């Protein structure tokens, strides 16, 4: 009588991922059988490739999740708002598929199985292939992940809903950033470090009273009476060297509130100041999704 989390939320250090964002074209009932087929395919791929340490998540947008759930649970779920009156655009879609493992080839086969399961009931809007870069660096050259929740126990505490109808579920936020590395390279390495809030090569935290309030860490390291608003990030670099490249931002949280507070801070809604990373990179997509527990994907129908 308990709930099982979807396999793609908790895994750490996965070197590769595939994110598919899509709109529902047909009847919402088509997503019920397709989701059951896909979670079945993920279990089949895990049995065939045990050393891939494969995980996947199927998550739903506000409109379609209210229909599938009959309005029960997922109290915080809503369409992703525009933050900063436009600084963070909104591209809310109906379905999110997140696949992650140690092997891109296996993720690609799993992505093909997801497309075969949903078929022509969906319209694919985005497909991004994430890759861990050297020293787990973001393409800017700064290490991405140091203060991210560590170990299964703390990651469950931060990302997984504990009780009630949504037990085992999680809220997902996805946002694709396009880096302008030419604009970053014009900045001196000390100016870049003040923009992030950590040193570049050694990845040391700059003290809060020594770094600007617009620094990335000052915008997102938020506390409410000493309790941090933590999230489980699964972001990865993406793109081509000569074309579009940047960071595909992805985060899971048991409460959508923690993610929203960080976005209100970053995009100027809380105190009128915005994230210094906006001098070289910009978000171009944005969406909120609800990832139900595994047994509630089996109860669809």
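Residue numbers count along the first chain shown, from 1.
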Checklist entry - Which of the two stretches, 221-229 or 112-120, shows the higher mean Cα temperature factor in the record? => result 221-229
Next on the checklist: Comparing average C-alpha B factors as deposited, tell me which of 241-249 and 37-45 sits higher.
Outcome noted: 37-45
Checklist entry - So among 191, 126, 105, 138, who wins on Cα B-factor in the entry? => result 191
Next on the checklist: Per the entry's Cα B factor values, which of 79, 147, 75, 94 stands out as the maximum?
Outcome noted: 75
Next on the checklist: For the chain shown, is the CA B-factor of residue 143 in the lowest, middle or highest third of its modelled residues?
Outcome noted: lowest
Checklist entry - Against its chain's modelled residues, does residue 86's Cα B factor rank lowest, middle or highest third? => result middle
Item to check | Assigned third (lowest, middle, highest) for the C-alpha B factor of residue 4 | outcome: highest
Next on the checklist: Split into thirds by Cα B-factor across the chain's modelled residues, where does residue 15 land: lowest, middle or highest?
Outcome noted: lowest
Item to check | Entry-reported Cα temperature factor of residue 55, expressed as the chain third it lands in | outcome: lowest
